[PDB]
Amino acid sequence: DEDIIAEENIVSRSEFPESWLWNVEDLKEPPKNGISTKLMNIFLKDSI
Amino acid sequence: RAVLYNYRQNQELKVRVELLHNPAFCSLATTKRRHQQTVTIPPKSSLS
Amino acid sequence: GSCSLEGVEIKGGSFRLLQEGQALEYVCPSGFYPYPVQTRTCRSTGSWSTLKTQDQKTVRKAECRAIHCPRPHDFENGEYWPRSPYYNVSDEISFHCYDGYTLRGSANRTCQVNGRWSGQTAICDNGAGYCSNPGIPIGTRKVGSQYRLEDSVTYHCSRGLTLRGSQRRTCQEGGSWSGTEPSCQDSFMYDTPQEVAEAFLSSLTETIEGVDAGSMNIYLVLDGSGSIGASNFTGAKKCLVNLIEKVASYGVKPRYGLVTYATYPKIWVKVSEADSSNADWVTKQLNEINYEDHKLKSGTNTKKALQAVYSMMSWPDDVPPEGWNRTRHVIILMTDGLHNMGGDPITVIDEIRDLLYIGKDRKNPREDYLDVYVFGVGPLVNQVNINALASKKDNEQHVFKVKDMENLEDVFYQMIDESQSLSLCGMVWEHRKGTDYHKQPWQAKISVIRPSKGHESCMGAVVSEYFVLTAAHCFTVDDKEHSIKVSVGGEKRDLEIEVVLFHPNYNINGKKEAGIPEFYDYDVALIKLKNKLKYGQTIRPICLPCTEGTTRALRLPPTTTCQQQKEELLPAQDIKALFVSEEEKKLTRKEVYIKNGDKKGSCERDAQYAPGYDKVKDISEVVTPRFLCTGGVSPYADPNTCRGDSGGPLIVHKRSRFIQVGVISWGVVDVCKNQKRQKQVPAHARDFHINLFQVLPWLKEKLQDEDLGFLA
Amino acid sequence: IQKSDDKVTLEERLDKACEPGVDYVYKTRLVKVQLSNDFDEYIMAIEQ
Ligand SMILES: *[C@@H]1O[C@H](CO)[C@@H](O[C@@H]2O[C@H](CO)[C@@H](O[C@@H]3O[C@H](CO)[C@@H](O)[C@H](O[C@H]4O[C@H](CO)[C@@H](O)[C@H](O)[C@@H]4O)[C@@H]3O)[C@H](O)[C@H]2NC(C)=O)[C@H](O)[C@H]1NC(C)=O
Ligand SMILES: *[C@@H]1O[C@H](CO)[C@@H](O[C@@H]2O[C@H](CO)[C@@H](O[C@@H]3O[C@H](CO)[C@@H](O)[C@H](O)[C@@H]3O)[C@H](O)[C@H]2NC(C)=O)[C@H](O)[C@H]1NC(C)=O
Ligand SMILES: *[C@@H]1O[C@H](CO)[C@@H](O)[C@H](O)[C@H]1NC(C)=O
């Protein structure tokens, strides 16, 4: 009603894939102890 | 079946759930009337 | 009486009274839109119309809310970042596809002040369909993952948004989708005055340079309804005067038709008059019109006006006319979309296309013979009705929405300052005299007589008034200019040349130390003729990559770089192309596929079977990145190039225009023996060409004084 | 559309009929009422 978040203001979850993150990464970071660490910023899908 | 889950520990929820209208479907939701009901969900349970 | 102005003000803005106080228009500041209602109608009860949304929700008070760009609710074959519930002004999102996919369009897009995203639409495509991926414009939803031939896709906008463009697109023969790309418009997006006249002239000049021979009709319809105003008609009269002089500035004098309507149509100038082609006489009629009778009959009967346009172009049992399959028709109309009399005007539009033989065939659509442009005058505009009347041609806009009238007068003085680079290259109009050299005007036939070695029968391409582009191995340094004769246009005589300009990197015997007798790297040359070529119906040039005329021929913005054009003509897929061959003293076309995607590797490794190349170690030593590869068995059986077709153009047919992207160089297997075509070709019979995108600094230097307009 | 009964004559009738969505205005006469399974038929002879 007047209380609650308005239904038009709610943006619905839409992205429900079965598989994603199909990317190539090259470990070009400086190697400490023979080990290269790449930090990736990824965006999670709407699936639960 | 739209299943609403309530995984809160000890808080029951009063939820108004509404189905949006689509011209490709024929339900009770029209253009000038909303198909919304308000239900109560106990904690650690679900309601269909 | 007039409505009371109580309880109708808006939180954070003002208003202005239009239509003599019978309609208010909310004026929010720059960056805001009035919540739902843009305007309010004065119902005759004392109170204004309720603040109803697109969902018909009763809002009590109005408020100027912030402008959001439409969120991407659907995107396939990749990942866009960041995801947000809404996007403010000047937000940026970027696109990036998965492995094994090519990104075309703008990778970095920005939300502007007009509620639209900048650049072109980002598309992740794999190159497996006959047509390309139509992609998802931001705000839409695409239904249809198959991109084969005869397939279709349907589009839908979000809630409260109006579709502009084609709702359904169909893949046609040749690799071109029907209709136009959609774009979700709102109740406040409008169009900037620069974007209106920029797209309108790039459509209009296409259906003018094909008329080039007197064979074009232009119909002018003006709305005189009471919902526009008496003060808004005379400002539209002075706008239409500027339109006629811009059309007559191209040397073409078409026939004009002036009809102003409201409740009834009134014909001022008919196209069936002896003075309608005189462009100065129609301008004299435009000042003599008076709108006092249309003000008495206040109404919007759009259907009865278009029935008068049908009666002007129809013939009363005249029995096929001489310009029935050769006359371009252009219909220009201004309206507000709010028609209430006569009925649906779309039923008259379908009768016009049936009379002009448009859509009644599968091999000849004839979509270039009817263009319809609709302009939106006021804020009171039904964007659905104006979109269904206008035409939907590929890579082009025909629907426009502007406000306050005076800015539409600002787009007509701006378009005459804008100069359009007219391109006579690649123009083949269907004349019923279909002998060869009419279908292929650019094709040059080159003959070199050598002392007892024989006659060298090569080919070339007319690129300018003085230059003919061909291969470099047809000539040597010993061949003099008196022993080289070039013939164009099917003419019996031979034209004499001035100089043969070889590329500075050409060296055919530069690999004899490595055991390789031939070396066709940089196999291009120019032939500067002695006499200037006169352009007509049988001799016309062919367009070249990264020029000003190539940019307008693809309907791209003029800010298109040379790297953006290489992403357009030669993408990383199998590209449909064609070349010209001579079959029994008659010229014919052979459609091939350019292996530029994942089949580029299987095509290039077949060069080991060439004569002399049977013992070459590294296969990439003889195939530089200056090469393109055609022919083979996958995905189709392409016809192979002969020895006499050497030096010819490798042409790409896109949107009824022909662009050369390569020069024919050499082949592995000689399937032509000057007796027939050897009907049992092998599977590795590939042919190689010279990529014109790699020889651009040499072509720009040698053709700097030719008015071609190369890009920086 | 609505029960109405507000009348108001042309001030609440011309403005609804002259909206851009309204296509036809007829005055008819009912001839035959035919009940037939899925849709009900009302045959109206057009007077003006
Ligand atoms: C404007 O409209 C008229 C009327 O529709 C149209 O006339 C058509 O002209 C074409 C030629 O331009 C005709 O096509 C040929 O007609 C002859 C008889 O005249 C037939 O024998 C032909 O069949 C053979 O030839 C073909 C190759 O030429 C082969 O592919 C075919 O297999 C046959 O061997 C061929 O059909 C056509 O018949 C008429 N149509 C009518 C109804 O008269 C005119 O061309 C239009 N103008 C333009 C510029 O399109
Ligand atoms: C589209 O726009 C993006 C930015 O919005 C452009 O990305 C830029 O790409 C360069 C790579 O040449 C980035 O440089 C690198 O950044 C990483 C950050 O982790 C750093 O570790 C590297 O040493 C290197 O400096 C650059 O940062 C990046 N820009 C931004 C603002 O991050 C992209 O090139 C644009 N593409 C097109 C086609 O316009
Ligand atoms: C956009 O503007 C609103 C206005 O308050 C703000 O709340 C929001 O954080 C901004 N950014 C995004 C990504 O929505």
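Residues numbered from 1 in each chain as written, not as in the entry; some residues may be left out. Chains lettered and ligands numbered in written order. Part of a larger assembly, values for the part shown. Heavy atoms only, no water.

Per the deposition metadata, X-ray crystallography was the technique used to determine this entry, at a resolution of 3.90 Å.

Under the annotation held in the PDB entry, chain D carries the name Complement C3 alpha chain and is attributed to Homo sapiens.

You'll find chain A entered in the PDB entry as Complement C3 alpha chain, with Homo sapiens given as the organism.

Time to look at the overall build of chain D. Of the regular secondary structure elements, chain D holds one helix and two strands. When the helices and strands of chain D are placed in sequence order, the string is α-β-β. For the C-alpha atoms alone, the extent of chain D along its principal axes is close to 40 × 25 × 20 Å. For chain D, the residues scored as buried account for 2% of the 48 residues in total. (Helix = DSSP H or I, 4+ residues; strand = E, 2+ residues; numbered from the N terminus. Buried < 20%, exposed > 50% of the residue type's maximum accessible area, 1.4 Å probe, protein only.)

Let us look at the environment of A:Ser36. All names here are of chain A. Note on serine 36: relative accessible area 25%, which makes it partly exposed. For the pair formed by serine 36 and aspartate 26, sequence separation is 10 residues and the distance between their alpha carbons is 9.8 Å. Each residue touching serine 36, except ones within four places of it in the same chain, is listed here: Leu27, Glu29 and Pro31. Here the side chain of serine 36 touches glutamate 29 through a polar contact of 3.5 Å, landing on its backbone oxygen. (Contact = heavy atoms within 4.5 Å. Polar contact = N/O pair within 3.5 Å; in protein donor to acceptor, adjacent residues only side chain to side chain.)

The amide bond that connects C:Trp81 to the next residue, C:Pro82, takes the cis arrangement and shows omega of 5°. Mapped onto the elements, C:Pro82 comes out in the loop between β9 (78-81) and β10 (92-97). The omega angle of the peptide bond from C:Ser634 to C:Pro635 is 5°, so this bond is cis rather than trans. Residue placement: C:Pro635 occurs in the loop between β34 (627-630) and β35 (649-654). Look at A:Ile4: it is not a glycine, yet its phi comes out positive at around 95°.

Quick look at helix α9 (residues 406-417) of chain C now. Residue and element names in this part refer to chain C. Helix length check: α9 (12 residues) gives 18 Å between terminal C-alpha atoms against 16 Å at 1.5 Å per residue, within 8%. Among the residues making up α9, those that are buried are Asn407, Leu408, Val411, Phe412, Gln414 and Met415. Projected onto a plane normal to the axis of α9, the buried residues spread over an arc of 165° and lie on a single side. Residues of α9 that are exposed and angled more than 90 degrees away from the buried face: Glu406 and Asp417. Buried residues along α9 sit against α1 (193-204), α3 (234-248), β23 (328-335) and β24 (370-376). (Expected span 1.5 Å × (residues − 1). Arc of directions from axis to C-beta.)

Okay, the nonpolar core next. All names here are of chain C. Among the nonpolar cores identified, the biggest contains 51 residues, and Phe475, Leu526, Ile527, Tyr613 and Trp666 are the most heavily contacted of them. Looking at this core element by element, the count peaks at four residues for strand β31 (residues 525-529). What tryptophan 666 contacts, discounting residues up to four positions off in sequence, is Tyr520, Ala607, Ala610, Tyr613, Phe627, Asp687 and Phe688. Counting residues in each nonpolar core, the second largest holds 38 residues, with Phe200, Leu240, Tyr256 and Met334 among its members. (Core = buried A, V, L, I, M, F, W, Y, C linked by side-chain atoms within 4.5 Å.)

Together, C:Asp344, C:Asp350, C:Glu351, C:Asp354 and D:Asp23 line one region of the surface with negative charge. Among the structural elements, D:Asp23 can be located in the loop between α1 (10-17) and β1 (28-36). (Patch = residues over 30% accessible without salt bridge, like charges linked within 9 Å, V, L, I, M, F, W, Y side chains within 5 Å. Areas by Shrake-Rupley, 256 points an atom, 1.4 Å probe, with all protein chains shown as cover. Salt bridge = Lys/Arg side-chain N within 4 Å of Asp/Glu carboxyl O. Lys, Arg positive; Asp, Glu negative; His and termini not counted. Charge placed at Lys NZ, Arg CZ, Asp CG, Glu CD.)

To continue, consider the site of ligand 1. In the vicinity of ligand 1, the contacting residues are C:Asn325, C:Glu430 and C:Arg432. C:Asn325 places a side-chain nitrogen or oxygen 2.4 Å from an oxygen atom of ligand 1. (Near = heavy atom within 4 Å.)

So, on to the sheet that holds strand β1 (residues 10-11) of chain C. Hydrogen bonds along the backbone pair up the strands of a sheet, which may run parallel or antiparallel. Residues and elements named next belong to chain C. Taken together, the three strands give an open sheet; going across it, the order is β1-β8-β4, and neighbouring strands pair in mixed fashion. The strands lining the two open edges of the sheet, one partner per strand, are β1 and β4 (32-34). Judged from the two bridges that link them, β1 and strand β8 (residues 62-66) form a sheet pairing that is parallel. Paired with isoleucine 10 across the two strands is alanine 62, which belongs to β8. (Pairing = 2+ DSSP bridges.)

This brings us to the interface of chain B and chain C. Contacts between the two partners involve four residues from chain B and, on the opposite side, four residues from chain C. Summing both sides of the interface, chain B and chain C together bury roughly 290 Å²; the carbon and sulfur share of this comes to 55%. The three residues of chain B that bury the most area against chain C are B:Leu20, B:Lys32 and B:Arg34, which together make up 81% of that side's buried surface. Taken together, chain B and chain C are joined by zero salt bridges. Where chain B packs against chain C, one counts zero residue pairs in polar contact. Looking at the side of chain B that touches chain C residue by residue, the classes come out as one nonpolar, one polar and two charged. (Buried area = accessible area lost by both parts, 1.4 Å probe. Nonpolar A, V, L, I, M, F, W, Y, C, P; charged D, E, K, R; others polar.)

Turning our eyes to something else, we now look at the interface of chain C and chain A. Each partner contributes to the interface: chain C provides 14 residues, whereas chain A provides 13 residues. For the pairing of chain C and chain A, the buried interface totals around 1200 Å² over both sides, and the portion due to carbon and sulfur atoms is 43%. It is C:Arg83, C:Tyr98 and C:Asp99 in chain C that bury the most area against chain A; as a group they hold 47% of the surface buried on that side. At the junction of chain C and chain A, the tally comes to three salt bridges. Its salt-bridge partner being A:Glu15, residue C:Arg83 comes within 2.6 Å of it at the nearest N-O pair. The tally of links from chain C across to chain A stands at six residue pairs in polar contact. For the side of chain C that touches chain A, the secondary structure elements donating two or more residues are β9 and β10 of chain C.

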